[PDB]
Every structure is written in C-alpha cells, then in structure tokens.
file entry_33.cif (mmCIF, C-alpha atoms; chains and numbers go by the auth columns)
data_final
loop_
_atom_site.group_PDB
_atom_site.id
_atom_site.type_symbol
_atom_site.label_atom_id
_atom_site.label_comp_id
_atom_site.label_asym_id
_atom_site.label_seq_id
_atom_site.Cartn_x
_atom_site.Cartn_y
_atom_site.Cartn_z
_atom_site.B_iso_or_equiv
_atom_site.auth_seq_id
_atom_site.auth_asym_id
ATOM 1 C CA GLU A 1 -23.493 -12.019 -7.346 0.00 8 C
ATOM 2 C CA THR A 2 -24.758 -12.378 -10.970 0.00 9 C
ATOM 3 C CA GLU A 3 -27.830 -14.482 -10.799 0.00 10 C
ATOM 4 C CA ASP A 4 -29.263 -11.651 -12.920 0.00 11 C
ATOM 5 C CA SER A 5 -26.163 -10.081 -14.558 0.00 12 C
ATOM 6 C CA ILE A 6 -24.634 -10.912 -17.941 0.00 13 C
ATOM 7 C CA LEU A 7 -21.253 -9.895 -16.604 0.00 14 C
ATOM 8 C CA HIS A 8 -19.548 -12.097 -14.068 0.00 15 C
ATOM 9 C CA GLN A 9 -15.771 -11.702 -14.447 0.00 16 C
ATOM 10 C CA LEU A 10 -13.577 -12.946 -11.559 0.00 17 C
ATOM 11 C CA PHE A 11 -9.991 -11.721 -11.055 0.00 18 C
ATOM 12 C CA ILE A 12 -7.341 -12.702 -8.538 0.00 19 C
ATOM 13 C CA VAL A 13 -6.266 -9.524 -6.728 0.00 20 C
ATOM 14 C CA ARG A 14 -4.132 -8.610 -3.723 0.00 21 C
ATOM 15 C CA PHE A 15 -5.279 -5.565 -1.743 0.00 22 C
ATOM 16 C CA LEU A 16 -2.434 -3.050 -1.191 0.00 23 C
ATOM 17 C CA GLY A 17 -4.257 -0.294 0.703 0.00 24 C
ATOM 18 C CA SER A 18 -6.806 2.506 0.647 0.00 25 C
ATOM 19 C CA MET A 19 -6.908 6.223 1.426 0.00 26 C
ATOM 20 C CA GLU A 20 -9.524 8.904 1.759 0.00 27 C
ATOM 21 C CA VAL A 21 -9.303 11.189 -1.292 0.00 28 C
ATOM 22 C CA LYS A 22 -10.820 14.407 -2.650 0.00 29 C
ATOM 23 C CA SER A 23 -14.115 13.912 -4.462 0.00 30 C
ATOM 24 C CA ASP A 24 -13.213 14.942 -8.037 0.00 31 C
ATOM 25 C CA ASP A 25 -13.699 13.416 -11.519 0.00 32 C
ATOM 26 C CA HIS A 26 -9.981 13.322 -12.232 0.00 33 C
ATOM 27 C CA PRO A 27 -8.226 9.975 -12.923 0.00 34 C
ATOM 28 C CA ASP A 28 -4.860 11.410 -11.741 0.00 35 C
ATOM 29 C CA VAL A 29 -6.325 10.816 -8.248 0.00 36 C
ATOM 30 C CA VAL A 30 -5.865 7.070 -8.733 0.00 37 C
ATOM 31 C CA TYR A 31 -2.263 7.493 -9.824 0.00 38 C
ATOM 32 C CA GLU A 32 -1.458 9.727 -6.886 0.00 39 C
ATOM 33 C CA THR A 33 -2.964 7.173 -4.488 0.00 40 C
ATOM 34 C CA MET A 34 -0.977 4.365 -6.074 0.00 41 C
ATOM 35 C CA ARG A 35 2.195 6.464 -5.596 0.00 42 C
ATOM 36 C CA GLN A 36 1.430 7.188 -1.941 0.00 43 C
ATOM 37 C CA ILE A 37 0.327 3.644 -1.051 0.00 44 C
ATOM 38 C CA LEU A 38 3.274 1.910 -2.737 0.00 45 C
ATOM 39 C CA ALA A 39 5.743 4.304 -1.049 0.00 46 C
ATOM 40 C CA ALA A 40 4.121 3.913 2.383 0.00 47 C
ATOM 41 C CA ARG A 41 4.138 0.147 2.143 0.00 48 C
ATOM 42 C CA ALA A 42 7.798 0.075 1.239 0.00 49 C
ATOM 43 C CA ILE A 43 8.881 2.656 3.883 0.00 50 C
ATOM 44 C CA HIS A 44 6.942 0.908 6.641 0.00 51 C
ATOM 45 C CA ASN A 45 8.088 -2.551 5.668 0.00 52 C
ATOM 46 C CA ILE A 46 4.640 -3.907 4.671 0.00 53 C
ATOM 47 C CA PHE A 47 5.179 -6.938 2.465 0.00 54 C
ATOM 48 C CA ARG A 48 2.111 -9.005 3.440 0.00 55 C
ATOM 49 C CA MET A 49 -0.464 -9.478 0.698 0.00 56 C
ATOM 50 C CA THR A 50 -3.694 -11.464 0.986 0.00 57 C
ATOM 51 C CA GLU A 51 -5.347 -12.852 -2.146 0.00 58 C
ATOM 52 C CA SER A 52 -8.982 -11.965 -2.831 0.00 59 C
ATOM 53 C CA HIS A 53 -11.221 -12.487 -5.820 0.00 60 C
ATOM 54 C CA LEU A 54 -12.570 -9.357 -7.483 0.00 61 C
ATOM 55 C CA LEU A 55 -15.950 -9.935 -9.132 0.00 62 C
ATOM 56 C CA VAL A 56 -17.209 -7.511 -11.746 0.00 63 C
ATOM 57 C CA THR A 57 -20.931 -7.629 -12.405 0.00 64 C
ATOM 58 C CA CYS A 58 -23.421 -5.215 -13.984 0.00 65 C
ATOM 59 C CA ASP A 59 -24.516 -3.916 -10.558 0.00 66 C
ATOM 60 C CA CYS A 60 -21.310 -3.899 -8.500 0.00 67 C
ATOM 61 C CA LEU A 61 -17.792 -4.863 -7.750 0.00 68 C
ATOM 62 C CA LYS A 62 -17.404 -7.429 -5.039 0.00 69 C
ATOM 63 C CA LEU A 63 -14.416 -8.613 -3.084 0.00 70 C
ATOM 64 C CA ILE A 64 -14.670 -12.283 -2.145 0.00 71 C
ATOM 65 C CA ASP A 65 -12.588 -14.398 0.272 0.00 72 C
ATOM 66 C CA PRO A 66 -11.265 -17.338 -1.787 0.00 73 C
ATOM 67 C CA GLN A 67 -11.261 -19.667 1.289 0.00 74 C
ATOM 68 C CA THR A 68 -14.912 -19.196 2.318 0.00 75 C
ATOM 69 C CA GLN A 69 -16.420 -17.673 -0.869 0.00 76 C
ATOM 70 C CA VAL A 70 -17.980 -15.037 1.468 0.00 77 C
ATOM 71 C CA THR A 71 -18.459 -11.542 0.022 0.00 78 C
ATOM 72 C CA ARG A 72 -16.378 -9.300 2.251 0.00 79 C
ATOM 73 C CA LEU A 73 -17.048 -5.980 0.450 0.00 80 C
ATOM 74 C CA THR A 74 -19.428 -4.786 -2.223 0.00 81 C
ATOM 75 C CA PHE A 75 -19.124 -1.538 -4.191 0.00 82 C
ATOM 76 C CA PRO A 76 -22.250 -0.439 -6.151 0.00 83 C
ATOM 77 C CA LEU A 77 -21.230 0.380 -9.682 0.00 84 C
ATOM 78 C CA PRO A 78 -22.776 3.898 -9.720 0.00 85 C
ATOM 79 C CA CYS A 79 -20.464 4.822 -6.816 0.00 86 C
ATOM 80 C CA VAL A 80 -17.326 3.494 -8.624 0.00 87 C
ATOM 81 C CA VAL A 81 -16.509 6.798 -10.341 0.00 88 C
ATOM 82 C CA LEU A 82 -12.861 6.361 -11.372 0.00 89 C
ATOM 83 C CA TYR A 83 -10.817 3.218 -12.177 0.00 90 C
ATOM 84 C CA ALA A 84 -7.398 2.818 -13.816 0.00 91 C
ATOM 85 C CA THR A 85 -4.260 0.807 -14.164 0.00 92 C
ATOM 86 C CA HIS A 86 -0.754 2.374 -14.154 0.00 93 C
ATOM 87 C CA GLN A 87 0.974 2.929 -17.489 0.00 94 C
ATOM 88 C CA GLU A 88 4.350 1.965 -15.862 0.00 95 C
ATOM 89 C CA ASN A 89 2.981 -1.121 -14.072 0.00 96 C
ATOM 90 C CA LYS A 90 -0.084 -2.932 -15.473 0.00 97 C
ATOM 91 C CA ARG A 91 -0.176 -5.230 -12.507 0.00 98 C
ATOM 92 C CA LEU A 92 -1.768 -2.392 -10.545 0.00 99 C
ATOM 93 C CA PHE A 93 -5.495 -1.598 -10.446 0.00 100 C
ATOM 94 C CA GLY A 94 -7.235 1.150 -8.436 0.00 101 C
ATOM 95 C CA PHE A 95 -10.688 2.643 -8.146 0.00 102 C
ATOM 96 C CA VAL A 96 -12.455 5.470 -6.311 0.00 103 C
ATOM 97 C CA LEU A 97 -15.678 4.804 -4.431 0.00 104 C
ATOM 98 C CA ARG A 98 -17.731 7.974 -3.982 0.00 105 C
ATOM 99 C CA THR A 99 -20.455 7.861 -1.328 0.00 106 C
ATOM 100 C CA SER A 100 -23.423 10.307 -1.134 0.00 107 C
ATOM 101 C CA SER A 101 -25.272 10.893 2.181 0.00 108 C
ATOM 102 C CA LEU A 102 -18.928 14.312 -0.849 0.00 115 C
ATOM 103 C CA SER A 103 -16.895 11.376 0.551 0.00 116 C
ATOM 104 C CA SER A 104 -14.407 9.325 -1.535 0.00 117 C
ATOM 105 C CA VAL A 105 -11.976 6.431 -0.844 0.00 118 C
ATOM 106 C CA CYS A 106 -9.410 5.135 -3.296 0.00 119 C
ATOM 107 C CA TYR A 107 -8.698 1.387 -3.187 0.00 120 C
ATOM 108 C CA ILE A 108 -5.419 -0.014 -4.681 0.00 121 C
ATOM 109 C CA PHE A 109 -4.758 -3.601 -5.717 0.00 122 C
ATOM 110 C CA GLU A 110 -2.106 -5.664 -7.450 0.00 123 C
ATOM 111 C CA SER A 111 -3.082 -8.346 -9.984 0.00 124 C
ATOM 112 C CA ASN A 112 -1.394 -11.024 -12.069 0.00 125 C
ATOM 113 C CA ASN A 113 -0.718 -8.550 -14.857 0.00 126 C
ATOM 114 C CA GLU A 114 -4.461 -7.962 -15.326 0.00 127 C
ATOM 115 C CA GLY A 115 -4.764 -4.171 -14.698 0.00 128 C
ATOM 116 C CA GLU A 116 -5.929 -3.448 -18.250 0.00 129 C
ATOM 117 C CA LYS A 117 -8.282 -6.445 -18.343 0.00 130 C
ATOM 118 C CA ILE A 118 -9.901 -5.419 -15.098 0.00 131 C
ATOM 119 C CA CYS A 119 -10.287 -1.876 -16.387 0.00 132 C
ATOM 120 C CA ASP A 120 -11.969 -3.147 -19.586 0.00 133 C
ATOM 121 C CA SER A 121 -14.352 -5.272 -17.526 0.00 134 C
ATOM 122 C CA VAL A 122 -15.362 -2.377 -15.248 0.00 135 C
ATOM 123 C CA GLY A 123 -15.600 -0.177 -18.346 0.00 136 C
ATOM 124 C CA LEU A 124 -17.926 -2.695 -19.988 0.00 137 C
ATOM 125 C CA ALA A 125 -20.141 -2.819 -16.881 0.00 138 C
ATOM 126 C CA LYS A 126 -20.248 1.037 -16.928 0.00 139 C
ATOM 127 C CA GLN A 127 -21.166 0.980 -20.632 0.00 140 C
ATOM 128 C CA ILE A 128 -24.072 -1.419 -20.024 0.00 141 C
ATOM 129 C CA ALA A 129 -25.361 0.899 -17.341 0.00 142 C
ATOM 130 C CA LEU A 130 -25.121 3.965 -19.590 0.00 143 C
ATOM 131 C CA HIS A 131 -27.100 2.033 -22.298 0.00 144 C
ATOM 132 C CA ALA A 132 -29.725 0.960 -19.754 0.00 145 C
ATOM 133 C CA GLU A 133 -30.232 4.662 -18.995 0.00 146 C
ATOM 134 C CA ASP B 1 -15.206 25.645 20.103 0.00 11 F
ATOM 135 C CA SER B 2 -15.966 22.281 21.702 0.00 12 F
ATOM 136 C CA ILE B 3 -16.137 19.523 19.040 0.00 13 F
ATOM 137 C CA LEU B 4 -16.661 15.721 19.096 0.00 14 F
ATOM 138 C CA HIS B 5 -13.339 14.089 18.105 0.00 15 F
ATOM 139 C CA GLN B 6 -13.069 10.790 19.947 0.00 16 F
ATOM 140 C CA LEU B 7 -10.433 8.147 19.194 0.00 17 F
ATOM 141 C CA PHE B 8 -10.615 4.446 20.072 0.00 18 F
ATOM 142 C CA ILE B 9 -8.171 1.542 19.476 0.00 19 F
ATOM 143 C CA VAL B 10 -9.842 -1.154 17.394 0.00 20 F
ATOM 144 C CA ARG B 11 -8.741 -4.372 15.731 0.00 21 F
ATOM 145 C CA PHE B 12 -10.575 -5.305 12.556 0.00 22 F
ATOM 146 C CA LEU B 13 -12.051 -8.821 12.626 0.00 23 F
ATOM 147 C CA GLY B 14 -13.877 -8.907 9.301 0.00 24 F
ATOM 148 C CA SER B 15 -16.758 -7.681 7.206 0.00 25 F
ATOM 149 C CA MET B 16 -19.514 -9.120 5.043 0.00 26 F
ATOM 150 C CA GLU B 17 -22.171 -7.958 2.673 0.00 27 F
ATOM 151 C CA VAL B 18 -25.563 -8.158 4.351 0.00 28 F
ATOM 152 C CA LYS B 19 -29.175 -7.718 3.258 0.00 29 F
ATOM 153 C CA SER B 20 -30.323 -4.105 3.275 0.00 30 F
ATOM 154 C CA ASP B 21 -32.896 -3.809 6.120 0.00 31 F
ATOM 155 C CA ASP B 22 -33.338 -2.099 9.538 0.00 32 F
ATOM 156 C CA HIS B 23 -33.246 -5.562 11.239 0.00 33 F
ATOM 157 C CA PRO B 24 -31.129 -4.753 14.336 0.00 34 F
ATOM 158 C CA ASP B 25 -30.022 -8.409 14.792 0.00 35 F
ATOM 159 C CA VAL B 26 -27.906 -8.160 11.607 0.00 36 F
ATOM 160 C CA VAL B 27 -24.828 -6.967 13.504 0.00 37 F
ATOM 161 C CA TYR B 28 -25.020 -9.809 16.019 0.00 38 F
ATOM 162 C CA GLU B 29 -25.589 -12.438 13.331 0.00 39 F
ATOM 163 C CA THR B 30 -22.599 -11.059 11.401 0.00 40 F
ATOM 164 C CA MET B 31 -20.448 -11.223 14.576 0.00 41 F
ATOM 165 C CA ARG B 32 -21.285 -14.928 14.970 0.00 42 F
ATOM 166 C CA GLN B 33 -20.466 -15.815 11.383 0.00 43 F
ATOM 167 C CA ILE B 34 -17.202 -13.820 11.268 0.00 44 F
ATOM 168 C CA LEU B 35 -16.040 -15.293 14.605 0.00 45 F
ATOM 169 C CA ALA B 36 -16.953 -18.791 13.439 0.00 46 F
ATOM 170 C CA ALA B 37 -15.103 -18.358 10.177 0.00 47 F
ATOM 171 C CA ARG B 38 -11.967 -17.066 11.961 0.00 48 F
ATOM 172 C CA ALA B 39 -12.044 -20.099 14.259 0.00 49 F
ATOM 173 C CA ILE B 40 -12.545 -22.592 11.345 0.00 50 F
ATOM 174 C CA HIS B 41 -9.732 -21.083 9.320 0.00 51 F
ATOM 175 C CA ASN B 42 -7.296 -20.599 12.204 0.00 52 F
ATOM 176 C CA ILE B 43 -7.114 -16.811 11.753 0.00 53 F
ATOM 177 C CA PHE B 44 -5.088 -14.928 14.364 0.00 54 F
ATOM 178 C CA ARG B 45 -4.282 -11.691 12.588 0.00 55 F
ATOM 179 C CA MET B 46 -6.466 -8.590 13.262 0.00 56 F
ATOM 180 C CA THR B 47 -5.217 -5.225 11.957 0.00 57 F
ATOM 181 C CA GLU B 48 -5.067 -2.400 14.553 0.00 58 F
ATOM 182 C CA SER B 49 -6.475 0.990 13.662 0.00 59 F
ATOM 183 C CA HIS B 50 -7.686 4.081 15.369 0.00 60 F
ATOM 184 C CA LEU B 51 -11.428 4.593 15.049 0.00 61 F
ATOM 185 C CA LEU B 52 -12.207 8.328 14.969 0.00 62 F
ATOM 186 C CA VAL B 53 -15.813 9.355 15.775 0.00 63 F
ATOM 187 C CA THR B 54 -17.006 12.808 14.644 0.00 64 F
ATOM 188 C CA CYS B 55 -20.445 14.260 13.874 0.00 65 F
ATOM 189 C CA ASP B 56 -19.784 13.884 10.189 0.00 66 F
ATOM 190 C CA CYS B 57 -18.302 10.414 9.966 0.00 67 F
ATOM 191 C CA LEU B 58 -16.413 7.444 11.338 0.00 68 F
ATOM 192 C CA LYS B 59 -12.842 7.115 10.082 0.00 69 F
ATOM 193 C CA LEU B 60 -10.258 4.308 10.411 0.00 70 F
ATOM 194 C CA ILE B 61 -6.776 5.782 10.743 0.00 71 F
ATOM 195 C CA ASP B 62 -3.355 4.148 10.596 0.00 72 F
ATOM 196 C CA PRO B 63 -2.018 4.404 14.168 0.00 73 F
ATOM 197 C CA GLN B 64 1.629 4.849 13.020 0.00 74 F
ATOM 198 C CA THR B 65 1.282 7.200 10.049 0.00 75 F
ATOM 199 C CA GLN B 66 -2.020 8.942 10.789 0.00 76 F
ATOM 200 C CA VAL B 67 -3.214 8.197 7.249 0.00 77 F
ATOM 201 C CA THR B 68 -7.036 7.902 6.949 0.00 78 F
ATOM 202 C CA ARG B 69 -7.569 4.477 5.415 0.00 79 F
ATOM 203 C CA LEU B 70 -11.373 4.477 5.273 0.00 80 F
ATOM 204 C CA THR B 71 -14.149 6.973 5.997 0.00 81 F
ATOM 205 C CA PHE B 72 -17.801 6.119 6.702 0.00 82 F
ATOM 206 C CA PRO B 73 -20.380 8.948 6.435 0.00 83 F
ATOM 207 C CA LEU B 74 -22.370 9.029 9.651 0.00 84 F
ATOM 208 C CA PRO B 75 -25.821 9.137 7.861 0.00 85 F
ATOM 209 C CA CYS B 76 -24.885 5.811 6.157 0.00 86 F
ATOM 210 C CA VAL B 77 -24.113 4.147 9.513 0.00 87 F
ATOM 211 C CA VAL B 78 -27.660 2.789 9.991 0.00 88 F
ATOM 212 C CA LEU B 79 -26.994 0.235 12.742 0.00 89 F
ATOM 213 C CA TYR B 80 -24.271 -0.071 15.385 0.00 90 F
ATOM 214 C CA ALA B 81 -24.001 -2.196 18.532 0.00 91 F
ATOM 215 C CA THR B 82 -21.874 -3.986 21.060 0.00 92 F
ATOM 216 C CA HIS B 83 -22.828 -6.667 23.617 0.00 93 F
ATOM 217 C CA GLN B 84 -23.372 -5.601 27.260 0.00 94 F
ATOM 218 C CA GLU B 85 -21.841 -8.929 28.411 0.00 95 F
ATOM 219 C CA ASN B 86 -19.129 -8.736 25.706 0.00 96 F
ATOM 220 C CA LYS B 87 -18.030 -5.166 25.249 0.00 97 F
ATOM 221 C CA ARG B 88 -14.897 -6.375 23.465 0.00 98 F
ATOM 222 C CA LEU B 89 -16.935 -6.516 20.233 0.00 99 F
ATOM 223 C CA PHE B 90 -18.251 -3.561 18.218 0.00 100 F
ATOM 224 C CA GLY B 91 -19.914 -3.625 14.824 0.00 101 F
ATOM 225 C CA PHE B 92 -21.918 -1.493 12.437 0.00 102 F
ATOM 226 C CA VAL B 93 -23.692 -1.611 9.110 0.00 103 F
ATOM 227 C CA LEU B 94 -22.785 0.828 6.358 0.00 104 F
ATOM 228 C CA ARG B 95 -25.687 1.329 3.954 0.00 105 F
ATOM 229 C CA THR B 96 -24.990 3.017 0.630 0.00 106 F
ATOM 230 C CA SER B 97 -27.759 4.215 -1.741 0.00 107 F
ATOM 231 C CA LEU B 98 -29.343 -0.172 -1.424 0.00 115 F
ATOM 232 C CA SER B 99 -26.124 -2.072 -0.717 0.00 116 F
ATOM 233 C CA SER B 100 -25.022 -2.936 2.897 0.00 117 F
ATOM 234 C CA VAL B 101 -21.800 -4.136 4.535 0.00 118 F
ATOM 235 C CA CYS B 102 -21.404 -5.058 8.180 0.00 119 F
ATOM 236 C CA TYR B 103 -17.977 -4.315 9.742 0.00 120 F
ATOM 237 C CA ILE B 104 -16.862 -6.153 12.910 0.00 121 F
ATOM 238 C CA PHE B 105 -14.138 -5.006 15.344 0.00 122 F
ATOM 239 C CA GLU B 106 -12.555 -6.024 18.621 0.00 123 F
ATOM 240 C CA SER B 107 -12.131 -3.305 21.166 0.00 124 F
ATOM 241 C CA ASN B 108 -10.256 -3.065 24.477 0.00 125 F
ATOM 242 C CA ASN B 109 -13.546 -3.590 26.383 0.00 126 F
ATOM 243 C CA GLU B 110 -14.775 -0.211 25.064 0.00 127 F
ATOM 244 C CA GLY B 111 -17.730 -1.352 22.953 0.00 128 F
ATOM 245 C CA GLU B 112 -20.217 0.527 25.069 0.00 129 F
ATOM 246 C CA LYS B 113 -18.063 3.699 25.071 0.00 130 F
ATOM 247 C CA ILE B 114 -17.860 3.497 21.258 0.00 131 F
ATOM 248 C CA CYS B 115 -21.638 3.059 20.932 0.00 132 F
ATOM 249 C CA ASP B 116 -22.209 6.035 23.299 0.00 133 F
ATOM 250 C CA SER B 117 -19.802 8.158 21.193 0.00 134 F
ATOM 251 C CA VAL B 118 -21.475 7.257 17.889 0.00 135 F
ATOM 252 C CA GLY B 119 -24.851 8.049 19.538 0.00 136 F
ATOM 253 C CA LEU B 120 -23.606 11.479 20.602 0.00 137 F
ATOM 254 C CA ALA B 121 -22.229 12.031 17.093 0.00 138 F
ATOM 255 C CA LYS B 122 -25.671 11.236 15.658 0.00 139 F
ATOM 256 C CA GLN B 123 -27.341 13.651 18.091 0.00 140 F
ATOM 257 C CA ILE B 124 -24.962 16.470 17.069 0.00 141 F
ATOM 258 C CA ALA B 125 -25.657 15.721 13.404 0.00 142 F
ATOM 259 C CA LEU B 126 -29.432 15.644 14.024 0.00 143 F
ATOM 260 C CA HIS B 127 -29.180 19.023 15.786 0.00 144 F
ATOM 261 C CA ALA B 128 -27.542 20.531 12.683 0.00 145 F
ATOM 262 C CA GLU B 129 -30.224 18.953 10.459 0.00 146 F
ATOM 263 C CA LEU B 130 -33.036 20.425 12.565 0.00 147 F
ATOM 264 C CA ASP B 131 -31.337 23.879 12.736 0.00 148 F
#

call {"tool": "encode", "arguments": {"input": "entry_33.cif", "output": "structure tokens"}}
result
Amino acid sequence: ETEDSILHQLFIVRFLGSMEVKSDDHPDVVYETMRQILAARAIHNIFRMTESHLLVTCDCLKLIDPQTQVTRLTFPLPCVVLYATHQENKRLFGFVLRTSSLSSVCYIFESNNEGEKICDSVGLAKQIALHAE
Amino acid sequence: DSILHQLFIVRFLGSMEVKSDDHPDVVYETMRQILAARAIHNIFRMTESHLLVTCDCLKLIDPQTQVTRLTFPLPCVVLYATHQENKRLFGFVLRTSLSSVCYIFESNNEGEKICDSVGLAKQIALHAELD
C-alpha cells in the first residue's frame, strides 16, 4: 500500500467496465470509452454496481474490496498513461493502463462526484514521479 | 493459414495482488484464499466471459456483445495452472514490469484443456522469437 509512500488517498468508486483500446497518448480515448461503456450498460440493462476503494499511492493505483480489505487489482503508476474525468459528468473517472511485453485497456468508474479530485491525486502522484526522475 | 484462436467459457471468481516471484504454488494459494473469501461473504455471483487464447495474448470477451473487456499479453502470463483432480478451476499470474496479479476462474471442467491451449500459444510465440 503506502508503508513507504507520502500519498495514500482512498476514494469510493464503482467499476462500470473496461475495454481494450488503441495504444496512443490521446486523452480523447478515455472519453470515447466512457461513451461506449455507458451506452452498452444502458442498452444491455446493466444496472449493478459494486463499490470498491481506489487507492492512489506514489507507486500505483490499487483497487481494494471494502469487505475484506484485500487488494484485488494493482496498476503500476508508470503504466497509467492517461486519466480523466468527463466535463459533462464529474462523477466519472477513467484511466488507460498500457502494458509493455503495445497493449492498452481503459477502465471506467463512477464516484461520489470525485472525478476531478481523483484526477488531481493521480496527477500529483505522476508529478512526484517526474521529480524523482 | 492455420492460427491458434481457441475460445473457452469461464466464470470469473476473483483476483488478488500477489508477490512477484516464479513460485508456482502462488496460483493454488490464491485459489484457496479467493474460494474461502467467497464462502465467508456468501458470494454467489461469478461473471461469465469468453476466454480467447492466441499466440499473442489472452483476452476476456463479453459473450453477448463480443466486446474485449480485458487483454493479457502472453509474455506477461508467467504462471498458469489448473488442478488435475479439480479441472473446474483455472488461474494465472499476470506480471507487469514488478507488479503481479493472480486471476482465478471457474471452467466447465476444461481447466486442463485451457492449460494445454495456453502452452501451445507459448510454443507458437517462442517459435516466432527464435525465428
């Protein structure tokens, strides 16, 4: 977690869905995924949301099960290449995870109106890493 | 041309961050802990997907819409296993560079067929690397 990380910011999120995406450095990719995921959920009658905790640290983003406090998923910060909220709905937050063996997945979440706050927290973690450089 | 493109029905049971190491027991220890947690917390739900095995990657695909939900580069899949006496479980570790996550699935008694497929995928990929 953040034994050794100044940053340790926890957010309540609800996972909406993910898609494979093109590996580019364009933030419009997040918006397009949000559009596709939100449409697909509505059209296929997907209303179920499960609450997770999103942890932002200096080294990674983690998704934690609030029942068990078990880390279900971890995303190393260098691989989180794009992150954004939606100008027309700041409840939304998405990011792109780029893997190197080239392969990218965009992950979309809803929050309790914390899209901008999450983005600032990830942005701060990215800034620390650029300074450490 | 003949290409590896093998689909399997799988139901996702859970995943957890694990320590990065070649320790092959990691998948089985993860299986135990995920199964125990599901029992403790009275979890019934397990989302169905299609697992696609190719020489380049594993993908999880929405069975109804054919959308690729997740993709796992084959070189990052550093451990994978089923149980011979319980081929209704399949799991693997995805290692990104080191951070590792173990993913656990239920299969329709096809755990050995999945493992054989992923092994063939890895052989095809090794052939291209050596060429």

call {"tool": "residues_around", "arguments": {"input": "entry_33.cif", "residues": "region 45-57 of chain F", "least_positions_apart": "5", "cutoff": "8 Å", "atoms": "all atoms listed in the file", "output": "number ranges by chain"}}
result
C: 75; F: 21-23

call {"tool": "interface_residues", "arguments": {"input": "entry_33.cif", "of": "chain F", "to": "chain C", "cutoff": "6 Å", "atoms": "only C-alpha atoms", "output": "JSON, numbers by chain"}}
result
{"F": [25, 26, 27, 78, 79, 80, 85]}

call {"tool": "resolve_selection", "arguments": {"input": "entry_33.cif", "expression": "the PyMOL selection byres ((chain C and resi 91) around 7)", "output": "number ranges by chain"}}
result
C: 37, 89-90, 92-93, 100-102, 132

call {"tool": "atom_distance", "arguments": {"input": "entry_33.cif", "atom1": "CA of residue 87 (chain C)", "atom2": "CA of residue 131 (chain C)"}}
result
13.3 Å

call {"tool": "residues_around", "arguments": {"input": "entry_33.cif", "residues": "residue 31 (chain F)", "least_positions_apart": "6", "cutoff": "10 Å", "atoms": "all atoms listed in the file", "output": "ChimeraX atom specification"}}
result
/F:88-89,103,105,115-117

call {"tool": "residues_around", "arguments": {"input": "entry_33.cif", "residues": "residue 132 (chain F)", "least_positions_apart": "6", "cutoff": "9 Å", "atoms": "only C-alpha atoms", "output": "VMD selection string"}}
result
chain F and resid 90 to 92 100

call {"tool": "write_last_selection", "arguments": {"input": "entry_33.cif", "atoms": "C-alpha atoms", "output": "compact mmCIF listing (two decimals), in the frame of the given file"}}
result
# COMPACT_ATOMS: atom_id res chain seq x y z
CA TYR F 90 -24.27 -0.07 15.38
CA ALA F 91 -24.00 -2.20 18.53
CA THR F 92 -21.87 -3.99 21.06
CA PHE F 100 -18.25 -3.56 18.22

call {"tool": "decode", "arguments": {"input": "entry_33.cif", "residues": "region 102-132 of chain F", "atoms": "C-alpha atoms", "output": "PDB file, in the first residue's frame"}}
result
ATOM      1  CA  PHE F 102      -2.842 -17.432 -13.882  1.00  0.00           C
ATOM      2  CA  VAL F 103      -0.492 -14.703 -12.758  1.00  0.00           C
ATOM      3  CA  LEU F 104      -0.069 -11.557 -14.825  1.00  0.00           C
ATOM      4  CA  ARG F 105       3.307  -9.934 -14.180  1.00  0.00           C
ATOM      5  CA  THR F 106       3.844  -6.376 -15.378  1.00  0.00           C
ATOM      6  CA  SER F 107       7.282  -4.672 -15.437  1.00  0.00           C
ATOM      7  CA  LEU F 115       7.478  -5.868 -10.922  1.00  0.00           C
ATOM      8  CA  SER F 116       3.786  -5.936 -10.012  1.00  0.00           C
ATOM      9  CA  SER F 117       1.731  -9.221 -10.086  1.00  0.00           C
ATOM     10  CA  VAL F 118      -1.972 -10.105 -10.007  1.00  0.00           C
ATOM     11  CA  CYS F 119      -3.390 -13.608  -9.860  1.00  0.00           C
ATOM     12  CA  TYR F 120      -6.729 -14.150 -11.673  1.00  0.00           C
ATOM     13  CA  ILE F 121      -8.969 -17.113 -10.742  1.00  0.00           C
ATOM     14  CA  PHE F 122     -11.728 -18.628 -12.922  1.00  0.00           C
ATOM     15  CA  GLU F 123     -14.202 -21.484 -12.907  1.00  0.00           C
ATOM     16  CA  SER F 124     -14.396 -23.519 -16.049  1.00  0.00           C
ATOM     17  CA  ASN F 125     -16.803 -26.193 -17.311  1.00  0.00           C
ATOM     18  CA  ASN F 126     -14.282 -28.923 -16.345  1.00  0.00           C
ATOM     19  CA  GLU F 127     -11.909 -27.595 -19.042  1.00  0.00           C
ATOM     20  CA  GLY F 128      -9.002 -26.448 -16.868  1.00  0.00           C
ATOM     21  CA  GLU F 129      -6.611 -28.907 -18.427  1.00  0.00           C
ATOM     22  CA  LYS F 130      -7.748 -28.008 -21.977  1.00  0.00           C
ATOM     23  CA  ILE F 131      -7.168 -24.315 -21.167  1.00  0.00           C
ATOM     24  CA  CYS F 132      -3.682 -25.016 -19.777  1.00  0.00           C
TER      25      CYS F 132
END
